[PDB]
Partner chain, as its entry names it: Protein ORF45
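Okay, so here's just one chain, in structure tokens, the form deposited without its partner chain.
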């Protein structure tokens, strides 16, 4: 309901600490700290959100100005398969970002537990991801580190790409040959990482992995991809089209971008309009902390 209203306006709203109730810390990492918070007043009163807290000392100083790019990169990001920045505010030493709260964990947790995903699951996750990447692309934003940990699941099983790897147009194993050649991260490199993620979900392994950085680097540049034979011809075709060393030949890098991906035989069963509208039932429904799916019953 609040989503339709945010679709007509750009950016986050103003807020302050008094409008949030803190429940718990969801996590801590090199990024900062994430809290589970509840909105107290206004139209979204009682709504749960994830509050990410950043220390200002970590923030980049450019032309004598301490920048807040973690807040500003999200100004125009507004898609169903990407986290939305709802509010942002500062204290003397911190930057606070209020984002969506996702209950179903991340794709890293699911992949580690299940080892590998079926082509059905991969087709679903990748289709939703292609729409998210295409949304960022139309904004001149690319994704550095498109790994399973950066994709969250909601209680229904729909994806939400996190804002962690967002950057204006990192793990070496996910880097495209042109990025290894220090040519800069373009939308075409995103499609290479899309293929690396595709390979990892389907195999539980990384396509180019060496004994040290040099070998991984040289393998990304020169190694022929080892094609797994348990994969369908459509899946194999998508992988060889995404793993083209020359970015100009890579699927999704053509004149019609994402349309090349959507048109691919691997996604022939995907109704892109129903997928966008979340009318496609996710093939996996994750476990949540919610009592309905944790309590045992003897009716």
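Positions refer to the first chain, counted from 1. Between two forms, the rigid core is defined as the largest C-alpha subset superposing within 1.5 Å.
Coverage remark for residue 56: present in the model in all other entries compared whose chains are built on both sides, leaving no third without it.
Not even a third of the other compared entries skip residue 262; each one keeps it along with the residues on either side. According to the record, the deposited sequence contains 10 or more residues between residue 169 and residue 170 that were left without coordinates. Set 64 to 72 against 33 to 41 and average the Cα temperature factors; 64 to 72 ends up higher.
Looking at 76 to 84 and 173 to 181 together, the entry lists the larger mean B-factor for 173 to 181, computed on C-alpha atoms. Taking the deposited Cα B-factors for 209, 193, 203, 218, the highest one is held by 209.
Set against one another, the Cα B-factors of 137, 123, 147, 113 in the record reach their highest point at 147. Placement of the Cα temperature factor of residue 163 within the chain: lowest third of the modelled residues, per the deposited record.
In the PDB entry, residue 238 places in the lowest third of its chain by CA B-factor. Among all modelled residues in this chain, the alpha-carbon of residue 152 has a temperature factor (C-alpha) in the lowest third.
Among all modelled residues in its chain, residue 246 ranks in the middle third by Cα B-factor.
The PDB entry assigns residue 109 a C-alpha temperature factor belonging to the middle third of its chain's modelled residues.
Only in words, not in the display: the form deposited with its partner chain bound, which the text now covers.
Although the partner is absent here, residue 192 is a contact residue: one of its heavy atoms lies within 4.5 angstroms of its partner chain in the entry with it bound. Proximity of residue 156 to its partner chain in the entry with it bound: non-hydrogen atoms within 4.5 Å are absent; the residue sits far from the partner. By the criterion of a heavy atom within 4.5 Å, residue 164 is excluded from the residues contacting its partner chain in the entry with it bound. Within 4.5 Å of any heavy atom of its partner chain in the entry with it bound lies no heavy atom of residue 169. Only one of 102 to 110, 137 to 145, 72 to 80, 85 to 93 lies within 4.5 Å of its partner chain in the entry with it bound by heavy atoms, and it is 102 to 110. The comparison between the shown form and the other one, aligned on the rigid core, picks out a single residue among 119, 76, 134, 100 whose CA moves by 2 Å or more, and that residue is 76.
Once the cores line up, the CA of residue 233 ends up less than 2 angstroms apart between the shown form and the other one. With the core held fixed, the Cα of residue 160 is displaced between the shown form and the other one by less than 2 Å.
The Cα shift for residue 35 between the shown form and the other one, taken after rigid core superposition, is 2 angstroms or larger. In the entry with it bound, the Cα-Cα separation between residue 29 and residue 161 shrinks by 3 Å or more relative to the displayed conformation. Whereas the displayed form keeps them at a certain spacing, the CA atoms of residue 113 and residue 281 lie at least 3 angstroms closer in the entry with it bound.
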